[PDB]
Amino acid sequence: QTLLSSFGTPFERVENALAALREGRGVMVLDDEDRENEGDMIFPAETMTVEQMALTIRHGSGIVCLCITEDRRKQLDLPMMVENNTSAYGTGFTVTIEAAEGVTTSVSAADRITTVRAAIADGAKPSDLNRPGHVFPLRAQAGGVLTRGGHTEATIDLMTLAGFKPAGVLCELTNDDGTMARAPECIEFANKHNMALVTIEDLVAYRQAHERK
């Protein structure tokens, strides 16, 4: 029927993504069903393993981001990277971070996981993170995808709907030749690694219908 119809109806695709996150698997997030659009891999920040971080560095851009809420950004006392944000999407990059303890060169998969876990910990303090670093936090807008339909918001919204703390790891899927993976390559990669697939349009509609009354 549609490009993603084999993964369920729009609302089924959301629920399947939630089930995947709860089961320790990844999720592939697309903007819509345009076959020329690209996709991001996402994992819950709480449960992401070193192997999953290794997979993300190996097949992603390597610019592995930590989506967090505004209250977490305030708890970590992380300034936004630029006051006058001139990026095309208004991406909410904060200052970059490194775990203050337990890392060496900080770019290994284990070291980035150590940094992610320090940032999202219950009781995390600003002194638990050095700046700058090699993990890139992204601050989601209040309201999630109902305010801004970005991957940052979609990531957070999916984590809370799955029952996790509002924090997720994301990275863009990259072909081995340096080009970015478009929708058919994203679908094949997700089938190969047992990841669910959902669009941001699916999630917007899901949240609008479920939060009404």
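The first residue of the shown sequence is 1; numbering continues from there.
- Identify the stretch, either 199-207 or 6-14, whose C-alpha atoms have the larger mean B-factor according to the entry. According to the PDB entry, the answer is 6-14.
- Task: Would you mind comparing 27-35 and 57-65 for me and telling me which has the higher average C-alpha temperature factor in the entry?
- Result: Per the deposited B-factors, the answer is 27-35.
- Message: Among the choices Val95, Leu138, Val116, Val103, identify the one whose CA B-factor in the record is greatest.
- Response: Max CA B-factor in the entry, restricted to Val95, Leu138, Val116, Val103: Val103.
- Item | Top residue by Cα temperature factor, when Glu185, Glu70, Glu172, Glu153 are compared in the entry | Result of the comparison over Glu185, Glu70, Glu172, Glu153: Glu185.
- Message: Is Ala110 in the lowest, middle or highest third of its chain when residues are ranked by C-alpha B-factor?
- Response: CA B-factor rank for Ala110: lowest third.
- Item | CA B-factor ranking of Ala88, expressed as a third of its chain | Its C-alpha B-factor belongs to the highest third of this chain's values.
- Item | Ranked against its chain, the third holding the CA B-factor of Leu129 | Lowest third of the chain for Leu129's C-alpha B-factor.
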